[PDB]
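Start at 1 and go down the list; that is how both ligands and their atoms are numbered. For the numbers below, each heavy atom of this structure counts, side chains included, while hydrogens, waters and symmetry mates do not. So that the names make sense, note that chain A is the first sequence line, chain B the second, and so on, each numbered from 1.
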Amino acid sequence: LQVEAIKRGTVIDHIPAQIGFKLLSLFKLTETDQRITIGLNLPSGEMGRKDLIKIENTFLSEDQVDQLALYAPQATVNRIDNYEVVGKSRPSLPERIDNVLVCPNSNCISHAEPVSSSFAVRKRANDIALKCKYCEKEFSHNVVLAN
Amino acid sequence: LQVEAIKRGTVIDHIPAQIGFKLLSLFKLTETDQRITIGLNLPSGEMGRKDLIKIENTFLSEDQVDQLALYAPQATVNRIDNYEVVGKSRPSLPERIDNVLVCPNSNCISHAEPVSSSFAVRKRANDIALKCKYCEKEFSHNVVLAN
Amino acid sequence: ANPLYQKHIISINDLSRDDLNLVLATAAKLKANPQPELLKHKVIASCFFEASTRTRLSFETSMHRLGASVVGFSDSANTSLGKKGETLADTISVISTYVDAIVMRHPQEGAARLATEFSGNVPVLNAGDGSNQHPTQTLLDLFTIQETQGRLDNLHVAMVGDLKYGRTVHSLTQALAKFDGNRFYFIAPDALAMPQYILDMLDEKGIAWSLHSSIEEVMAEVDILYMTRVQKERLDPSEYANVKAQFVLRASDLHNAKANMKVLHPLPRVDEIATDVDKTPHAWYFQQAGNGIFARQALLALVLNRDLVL
Amino acid sequence: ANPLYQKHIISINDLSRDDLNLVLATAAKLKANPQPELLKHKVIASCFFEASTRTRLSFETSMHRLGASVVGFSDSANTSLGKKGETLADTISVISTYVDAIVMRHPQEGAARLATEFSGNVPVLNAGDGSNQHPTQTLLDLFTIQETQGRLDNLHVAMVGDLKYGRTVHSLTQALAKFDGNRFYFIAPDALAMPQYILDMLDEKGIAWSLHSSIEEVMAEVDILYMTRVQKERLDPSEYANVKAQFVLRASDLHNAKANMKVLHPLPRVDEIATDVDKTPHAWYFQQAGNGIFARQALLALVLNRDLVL
Amino acid sequence: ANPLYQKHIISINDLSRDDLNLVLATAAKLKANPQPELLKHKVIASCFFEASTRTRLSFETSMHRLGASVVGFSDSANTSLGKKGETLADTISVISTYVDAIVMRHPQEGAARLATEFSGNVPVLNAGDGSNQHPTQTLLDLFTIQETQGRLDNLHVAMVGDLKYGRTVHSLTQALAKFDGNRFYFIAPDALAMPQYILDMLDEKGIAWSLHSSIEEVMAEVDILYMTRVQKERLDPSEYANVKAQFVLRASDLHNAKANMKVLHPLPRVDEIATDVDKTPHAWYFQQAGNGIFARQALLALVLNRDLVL
Ligand SMILES: Nc1ccn([C@@H]2O[C@H](COP(=O)(O)OP(=O)(O)OP(=O)(O)O)[C@@H](O)[C@H]2O)c(=O)n1
Ligand SMILES: Nc1ccn([C@@H]2O[C@H](COP(=O)(O)OP(=O)(O)OP(=O)(O)O)[C@@H](O)[C@H]2O)c(=O)n1
Ligand SMILES: O=c1ccn([C@@H]2O[C@H](COP(=O)(O)OP(=O)(O)OP(=O)(O)O)[C@@H](O)[C@H]2O)c(=O)[nH]1
Ligand SMILES: O=c1ccn([C@@H]2O[C@H](COP(=O)(O)OP(=O)(O)OP(=O)(O)O)[C@@H](O)[C@H]2O)c(=O)[nH]1
Ligand SMILES: O=C(O)C[C@H](NC(=O)CP(=O)(O)O)C(=O)O
Ligand SMILES: O=C(O)C[C@H](NC(=O)CP(=O)(O)O)C(=O)O
Ligand SMILES: O=C(O)C[C@H](NC(=O)CP(=O)(O)O)C(=O)O
Ligand SMILES: [Mg+2]
Ligand SMILES: [Mg+2]
Ligand SMILES: [Zn+2]
Ligand SMILES: [Zn+2]
């Protein structure tokens, strides 16, 4: 392999192309002292091209794995221990996205006040609609920006 | 070698910790279809820890290399062809830096108007001096890097 | 305890049909048989961070009719939030150590919801948060619709004016959609249309609704003509073409109205309802406003008093 | 052509000693023997985006004394930049299609430099850019020192007041440092000290400078006492403790001055020079101002004429 | 005397094709061979009651290039009309006892026409009256089109942006319609369309014009692409949705333009022309502005001199 195996931690495989970097940026995954190995634009038999993120001595809860669903719905999260895959899971669409997004309603109380952002998530047509906990306005995920 | 050798392209080695991810942003390096491998928080002989970036079939622009001198003076840029290192160098401080930096003088005309930023560069032994072409004020590069 | 005891009252979206019916039943009871001492020994904050006549004065009157005391402000300019830079969060954190409930109106959407995250065990009652929700308006509206039509189901309801920014119609449409077989007519300028999240909610519930460009189209079949003011203080400057009321109801427009039809308006009105409407039997906006006392007494009783009033 | 023909005049940092001497020699000639038609058929823009009395009026008077015409503005409020949103860049782009030279003062540092990038073959003369440079002030300052002291070398020069924001002393210090053996005394509040880039330049050239907390310390040894106004329109609010003049020169303070010492001030003064100084033989700020005519004629003549023969 | 001697220049509607050609021919002559003393001993008033950069400065520069003197104001705030309640009528009545010609720009339509009724034998030149007419802009526009296209007939001209309030395109369309076989493309928001009185004139003369919702539709066929700024100081608040430029020309949009096509803009631009257009060979708005000098000298020369021989 071009990106070698790890002893212990999490391997996020099958990330769509151009999404791997977005995931590192959004979830601040590089803000750690743990060893990270990343492959971008790797070939895949299943997806064609794919990104890959490996984070040692770091683990993701089901909730944290679910947060990936908005960006990599068909990703695989491998829990590694003693060089062994001891668990595989796929992201499921979460009930909400907290902290990382910014409400696009400029008159929302969330901008002025010391609260964390929070949006309810639902499937609308073939899109993802986000409804702000505070202002209750609803937006396409496309127009809800990150911090 | 966790991240293995490549055929043709660029290997930026000896990037200090917590800088590698910043380089991927600033230089839009992931905005390509070229295969990329990244090691963050790798052990290092001379540095203890380091970041490492490999880009296949790709080379840096000039001054983008001399932008490197600001963010990572100790970094090593390797030019690779046919699996061999054929160009190896550390980026030296340029005289001038354009476009990427922001003058910290809030009353500088460069904020309000459609011109490109431009700084003259010189070393003061304990930091780098950046001098704005427009306002003629001089700053430590520590202060300019808060764009 | 009754289902609403110590509950926050933020959004109609958080309330069920049973909740709404409970408030109205309680309102009917207190109207027939006042309980002047029900909330004796309560102190309630009335905190208005934007303008109000009806909502603040009827809430405070209701508090006194129930024997409770009132503290607060009708203007934020002379609070420490107004002058010393204090957050809304800290304002709620201290006020909630003083009072048994907080009634608040605020110009930013989501303010009431935020307050609940800092008020501890003290209930927050949303008297309006930006262009979002206005639950107690909806309670009095429902009471008024029920009074004049005899039911809350199988009604033809037209809503006119600024539907985009009307917290009134956001709340009211959600409420009536919890009842069966209601039909909606939306008469708005395109720039101030009913928001998509409301329409999607109607579609999921199989509720019929349609857009119309005139009151006359639907006058013959409406039971409730709910008129609204253009919310000019919420408009973007790019929406300034709609400042002036696009639909003006006058007495001659009511010729083919059903006998039972009532004209409602949460008020204040500018010109969207001509004064010649006032004396016709269809005008019910002042009666509506007076119903705010019964609805708001009811809500206060249910939130602050453990047992059901009978 | 003379070395200054068709050159932008932006910063003293771009000028050599020879350039400065050339202007001074030309100034002395014009003062002695006027050339009323030297700039006949020239039209010059006088563009002031912040306030001025001396710099604008002497510049324009200078243009008229040489026979040039003048267009421009003293306020930006009624330009298309003031009312229609036009950038400075575009402003320079069109004005430079009209005139033979542009004189500009502007509240932002760098504005004059930026103008040179849009003015094509039209020379720009910096009448002051924020707190950065003030080249023509330095020209008249040097001229006045030369006149009164007989030299620009081996002087003892004190600069007093707001040295941080004084574009006058930034330009003047750089100019005097191009000459030999000058010694500087900086008397300023800590918050408004002479900036480090100036001091570093003095160090690199092996020029002696020192800080002093009073005029009295240096009165007996100075040839030139250069007073400045606190640049209150430039102060950050955090610097407002420095608004009042900290150093106030009065006639009584001159008792131990060298007989040849002159008090200069680019003007306007607020209170840093009391009016009882005006009648002493050391007061020379009005004569200095008057010299703006000869320096500015000299500069205009050299930029817009290839050759001058006296 | 020449046909324009001592004539008011108020509206393109009062000028013939021959009049326009005369100014253009005179402009070309003066550009090629300047006449520095043509208006010696003339004094001209430059009276601007609203903002200007190009029109005022080029006009005044033009006066100086021909040897005339200038008096006037760029702000009405310090005239007796600004502070003492004086009418425009009386203002014109006295100023016309001083000067040989009056150049005036004013925020109200008709102001220039009104001035002619109080100025007696003194010619008035309209530098812009509200959203009505802008004759001298049209003169320099025509000159620039003639220069770059070699002709004023059989052109394909696109006008983009605020055509309702653009006094520039009102005058320019009327002028080009005096020539043969010109074809017009109007690209504007519905709220700011080219007014009906313009269109009717085009119909009466059998001139083809059409509306288009994009520049792209017509890019391949236009000789002149005339961009305009949204006249926000003229907008009714009901029209505020149109404040941002709806059509934004970028360098990439020029890919299928005729090689000879020129982009014009009377200026200032806000965002309707991106700065990356400036370096393309099609950008000609700064050259256009520069041509204001020759058109305005030409006009002044023809109004104030009986005869010119080159
Ligand atoms: N010590 C290890 C073991 C596994 N992996 C990585 O974990 C991912 C998936 O593990 P594995 O089940 O062994 O591979 P696959 O069978 O291909 O899994 P899948 O079918 O889901 O793609 C691979 O990217 C592999 O490189 C790793 O980085 N370090
Ligand atoms: N085909 C190749 C050749 C080299 N490398 C990488 O390029 C970097 C520097 O090349 P090399 O000179 O071979 O390593 P060093 O001798 O350690 O160089 P240095 O002294 O700079 O550490 C190393 O990180 C190595 O992994 C690579 O990725 N692909
Ligand atoms: O941990 C890994 C996994 C994969 N790779 C690199 O990615 C490519 C695929 O190697 P894989 O073996 O992991 O992919 P795959 O066959 O399992 O097919 P998919 O499940 O991804 O659809 C190869 O180019 C390999 O070098 C790594 O470098 N490291
Ligand atoms: O291409 C590389 C280079 C280095 N590494 C990883 O980096 C670590 C260091 O291995 P190196 O061999 O690259 O370090 P070094 O001896 O050259 O000493 P320095 O130049 O860094 O001072 C090792 O843990 C190795 O796995 C890679 O994975 N890939
Ligand atoms: O303002 C409106 O038009 C409707 C509604 N009106 C009221 O609540 C009545 P008031 O503002 O007097 O309390 C509101 O949303 O505030
Ligand atoms: O303003 C000062 O105190 C010094 C200096 N003063 C002048 O140039 C004189 P004026 O502002 O009247 O043209 C300046 O920088 O503007
Ligand atoms: O203002 C415009 O957008 C077009 C036109 N512009 C001009 O005349 C240029 P200026 O306002 O700088 O004299 C006008 O009508 O005033
Ligand atoms: Mg696999
Ligand atoms: Mg090495
Ligand atoms: Zn929100
Ligand atoms: Zn700067």
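- Among protein heavy atoms, the minimum distance from atom 11 (O) of ligand 5 is reached at C/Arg105 NH1, 2.8 Å.
- Of the charged side-chain nitrogens involved, none lies within less than 4.0 Å of a carboxylate oxygen, so that D/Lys84 and D/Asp90 do not count as a salt-bridged pair.
- Using a 4.5 Å heavy-atom cutoff, the side chains of B/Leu101 and B/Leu145 are in contact.
- In this structure, the protein non-hydrogen atom closest to atom 15 (O) of ligand 5 is C/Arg167 NE, 2.7 Å.
- Each of E/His265, E/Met227, E/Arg269, E/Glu272 was scored for a side chain to side chain contact (heavy atoms under 4.5 Å, CB included) with E/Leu249, with one residue passing: E/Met227.
- Separating the CZ atom in E/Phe286 from the CG atom in E/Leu267 is a distance of 6.0 Å, to the nearest 0.5 Å.
- Remark: distances from the non-hydrogen atoms of D/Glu86 to ligand 7 are all 4.0 Å or more.
- Side-chain contact of B/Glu113 with D/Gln108: a donor-acceptor pair under 3.5 Å is absent, judged by distance alone.
- B/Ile109 has its side chain within reach of D/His106: a pair of non-hydrogen atoms, C-beta onward, lies under 4.5 Å apart.
- Note on ring orientation: taking the six-membered ring where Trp is involved, the planes of E/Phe73 and E/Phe49 are perpendicular (angle over 60°, cut-offs 30° and 60°).
- Shown here are the protein N/O/S atoms lying under 2.8 Å from the Zn ion (ligand 11), water excluded: B/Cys103 SG, B/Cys108 SG, B/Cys132 SG, B/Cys135 SG.
- The backbone and the side chain of E/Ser52 each have at least one atom closer than 4.0 Å to an atom of ligand 7 (non-hydrogen atoms only).
- Annotation for ligand 5: atoms under 4.0 Å from non-hydrogen atoms of C/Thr53 are 10 (P), 12 (O), 13 (O).
- The parts of E/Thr55 lying near ligand 7 are both backbone and side chain, judged by heavy-atom distances below 4.0 Å.
- Ion pair D/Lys83/E/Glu233 not flagged as a salt bridge, since none of the NZ, NE, NH1 or NH2 atoms sits closer than 4.0 Å to an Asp/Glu carboxylate oxygen.
- Geometrically, ligand 7 and E/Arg56 share no nitrogen or oxygen pair separated by less than 3.5 Å.
- Close approach to C/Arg229 involves these atoms of ligand 5, each under 4.0 Å from a residue heavy atom: 1 (O), 2 (C), 3 (O).
- Of all atoms in ligand 7, listed by their number and element, those nearer than 4.0 Å to a heavy atom of D/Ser80 are 10 (P), 11 (O), 12 (O).
- Between D/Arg167 and D/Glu109 there is no salt bridge, since no side-chain nitrogen of the basic residue lies less than 4.0 Å from a carboxylate oxygen of the acidic one.
- Near E/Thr168, meaning under 4.0 Å from any of its heavy atoms, are these atoms of ligand 7: 4 (C), 5 (C), 15 (O).
- By the criterion of a heavy-atom distance under 4.0 Å, the backbone of E/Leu267, and not its side chain, is placed next to ligand 7.
- Proximity of C/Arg54 to ligand 5, defined as any heavy-atom pair under 4.0 Å, is shared by backbone and side chain alike.
- With B/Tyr134 as the aromatic partner, D/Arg113 does not meet the cation-pi criteria of under 6.0 angstrom to the ring centre and within 45 degrees of the ring axis.
- Taking the centre and axis of the six-membered ring of E/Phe48, the NZ or CZ atom of E/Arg105 falls outside the cone set by 45° and 6.0 Å.
- With a 4.0 Å cut-off on non-hydrogen atoms, E/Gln137 touches ligand 7 through its side chain and not its backbone.
- Here the side chains of E/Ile224 and E/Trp284 are not in contact, with every heavy-atom distance at 4.5 Å or above.
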